[PDB]
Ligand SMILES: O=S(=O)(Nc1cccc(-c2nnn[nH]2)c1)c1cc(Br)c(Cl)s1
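Here's a solo chain for you in structure tokens, the form solved without the ligand.
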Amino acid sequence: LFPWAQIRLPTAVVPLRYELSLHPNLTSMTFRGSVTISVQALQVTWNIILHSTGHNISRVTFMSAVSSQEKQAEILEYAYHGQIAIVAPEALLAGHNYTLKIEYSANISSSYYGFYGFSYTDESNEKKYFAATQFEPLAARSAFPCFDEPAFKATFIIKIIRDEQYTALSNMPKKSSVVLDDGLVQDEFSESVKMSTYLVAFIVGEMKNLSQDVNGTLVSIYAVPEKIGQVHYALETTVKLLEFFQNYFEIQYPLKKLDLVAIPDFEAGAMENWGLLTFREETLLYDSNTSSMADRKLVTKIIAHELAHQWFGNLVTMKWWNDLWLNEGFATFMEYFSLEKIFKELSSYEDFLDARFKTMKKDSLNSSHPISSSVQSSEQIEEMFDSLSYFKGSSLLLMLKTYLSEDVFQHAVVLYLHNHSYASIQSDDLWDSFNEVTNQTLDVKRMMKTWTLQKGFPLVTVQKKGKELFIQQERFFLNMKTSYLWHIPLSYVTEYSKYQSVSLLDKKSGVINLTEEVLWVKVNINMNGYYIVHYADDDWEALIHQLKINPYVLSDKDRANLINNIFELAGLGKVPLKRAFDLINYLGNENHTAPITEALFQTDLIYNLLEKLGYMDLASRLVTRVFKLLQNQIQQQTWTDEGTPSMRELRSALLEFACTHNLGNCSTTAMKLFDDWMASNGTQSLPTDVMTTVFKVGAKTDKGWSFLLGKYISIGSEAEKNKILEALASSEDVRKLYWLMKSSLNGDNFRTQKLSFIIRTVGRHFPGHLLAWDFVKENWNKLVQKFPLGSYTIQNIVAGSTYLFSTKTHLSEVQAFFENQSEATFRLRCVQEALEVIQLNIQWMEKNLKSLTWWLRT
């Protein structure tokens, strides 16, 4: 009988110091290692419980400090929790330090999880090799036996045997690299600071570097030698942010080195490893002449995310996986917060607003879950890794920073990162630190627990009867045919004099007292609060009018929030749909990107749901109306890569609109630009902001489609290829659309990683709509082999082939598919939320279809 029968490690023995010596071969994908773990007991036990998986233990030696001699001990295993147990020869007593040394043999991983390894092809067709480490959930126990929980912090000394050609890196700077008589170099790195096991990292690969010292901190970027020229934007950005976060958090970067590694595999780990920040190669390559604005924003945000964890998440770690939404939600917040003070040109607020629009649509579903849950299973650990929970957490932290001051927010974080530095905590302690810096006036820990321990988000109903604005609270329930209260930080803007105040609604009913009689009111300023506002019939119609007469009294964030709200409220039936189109009838006087892109989002969802239902004529009258609303804005656009970054995205949105629907000249301007490019054999430049639009119009011909296929299988840019791939799947030849999906699943010409992108693109248009869902049904077993159930890929594939069905016939068809597979498969959240969105599409027609046949075509 194993001495421990729980998923969490015992709170008895605690690690203090790790010595890890490893000999990785990479050619064999087998490594040998020894670990020396200096532990202390705070309680008395005869058995030491710790983690290890897939290790051939050769010897385990126990030792006390009262001897210089090693003692034998027996070792047991319980692989269901990955736990190993060392029975003790001496009853470990309280306070007393002991030392365990384990020798083992193991394989290098091929699953890109744990100590992984792979092969790649260089500038010549040379098989160069590479190894790296991804442990973020529970894979540190696969490389070496340890206490694999984030609370059990310790210091680490990493020692690895390499071959002279291969550079070896880890978390800490390197101390002793000595040559051995075998012909092999052994590197030893400095002893770590107190860090968690999931953040340890070590990498053995043939790389070069583009380093730069600042303030004793040597920021360095490592990549495969053929790609060092394209890492210059990353280093210039990694330095402006390491300055910013240091002076924001008011703590210095703890370590001496900051290494950023671009791993040369597409299935690589991108974790916030302390010192050794791992990324994918395409995530860090940028060129100021060939890459896009959206290619610039992605690199500028992925560095900021992983840099923010070097304070929040590695210096001060969370104790368990129940609070991973807080660590990753803070960094997702720090992405958009750092890139608005020092990278304000990129207009990153337009990205956070769209990400918060989409987070609210999938949190509104009844299949959503409270972010704070109980994690007592390993599947529950590996289901805390949801991008929705990370973006809802950033949405709550935005609401906290706006309700409090920006400065009150920082003072809490600086004090929290000082009090709990080099240790582990829980989510309530951050809320406690807010309550200290607010001088115990308001309770943030109660205010947040209404959002963390609860599902969904509120619907705040508003009715201004004079100078009294009546506010009411409800859950955004979508079934439109228990929950509790939220401490909702309210905000409003009224008006020729402008007002701006902040309140707090802690009841189901409330009234805010206005200082004047006003003509229009807008609640949730810039949608900084995680709620939807339903105004009354008169109150909505005031805002619809003030958008006709000077819409720019509100911000672009606020005008986008109204378009999003009135269209989502109309789908539930709370608003007639003719009121949402009255609201967007102001768009002839709109010049900002964020209200136009969201209005084009809502109309495209209506177009595509109506197109799959067969009401093609009504769908064209919808897009020929938004075109007439946006006709001057579209015709004023230039087919270039010039302007502000926000204006460089309105061009890509409006030209993709006019070309997909063949409205105006767009298609003949793109086809001329395509034909010149096709006839330059791909050597002519296309402006990046019109590149995908040009590729799609040309891919509608057998000639131009076959040219693009040869450019994908040859050319080097895995960003220009993914605009080619989208265009190839925008064909209307069903035979081509089936051949693309068949090829990716079998790994011919395209990679199996890109299959989620192909099925999503084939199924969103009419010629491949039924073809995509049929491919998912008839290749399901092979899909669940190549992507396990509950993966993000299997969720994206199911949603991307199903979210446009709007008939009860289709709802029964999709239900009867998954029921006649497994009860397990029928209870996955991918298939329950999918059958839920078909019902909301079924009812969207029941509440808005026959009315649309009236005002359109009249």
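In this text, residue numbers run from 1 along the sequence as written.
Absent coordinates for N550 in a third or more of other compared entries: No, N550 is modelled in every one of the other compared entries that cover both of its flanks.
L400 coordinate gap across at least a third of other entries: Across the compared entries, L400 is modelled every time.
Unresolved deposited residues in the interval that joins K481 and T482: The entry has a gap there, with 4 to 9 residues left out between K481 and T482.
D733-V734 interval: deposited residues absent from the model: Count of unmodelled residues in between: none.
186 to 194 versus 690 to 698 - which carries the larger mean C-alpha B factor in the record: Mean C-alpha B-factor is greater for 186 to 194.
144 to 152 set against 768 to 776, stretch whose average Cα temperature factor tops the other in the entry: Of 144 to 152 and 768 to 776, the stretch with the higher C-alpha B-factor average is 144 to 152.
Selection by C-alpha B-factor (highest) of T133, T461, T752, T99: Of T133, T461, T752, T99, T99 has the highest C-alpha B-factor.
Largest Cα B-factor, entry values, listed residues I797, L811, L804, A65: The record points to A65.
Third of the chain's Cα B-factor distribution that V831 belongs to, per the entry: Answer is middle: the recorded C-alpha B-factor places it there.
Position of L728 among the chain's modelled residues by C-alpha B-factor, lowest, middle or highest third: For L728, whose C-alpha B-factor we compare with every modelled residue in the chain, the answer is the lowest third.
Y129 - Cα temperature factor, lowest/middle/highest third of chain: Highest third - that is where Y129 ends up once the chain's C-alpha B-factors are sorted.
Third of the chain's Cα B-factor distribution that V13 belongs to, per the entry: Tercile = highest for this residue's CA B-factor.
Modelled-residue ranking by C-alpha temperature factor, third containing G529: It falls in the bottom third of the chain.
Keep in mind the form deposited with the ligand bound is missing from the figure; the text below concerns it.
In the deposited complex, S387 touching the ligand (heavy atom, 4.5 Å): Contact check for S387: yes, within 4.5 Å of the ligand in the deposited complex.
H305: touches the ligand in the deposited complex, heavy atom cutoff 4.5 angstroms: Because a heavy atom of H305 falls inside 4.5 Å of the ligand in the deposited complex, the answer is yes.
Touches the ligand in the deposited complex: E335 (any heavy atom, 4.5 Å): Because a heavy atom of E335 falls inside 4.5 Å of the ligand in the deposited complex, the answer is yes.
Contact label in the deposited complex: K301 to the ligand, heavy atom within 4.5 Å: Yes, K301 lies within 4.5 Å of the ligand in the deposited complex.
Partner-proximal stretch of 770 to 778, 736 to 744, 77 to 85, 388 to 396 relative to the ligand in the deposited complex, 4.5 angstroms, heavy atom: Among the candidates, contact is made by 388 to 396.
Contact residue in the deposited complex, chosen from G456, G313, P264, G269 - any heavy atom within 4.5 Å of the ligand: Partner contact (heavy atom, 4.5 Å) among the options: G269.
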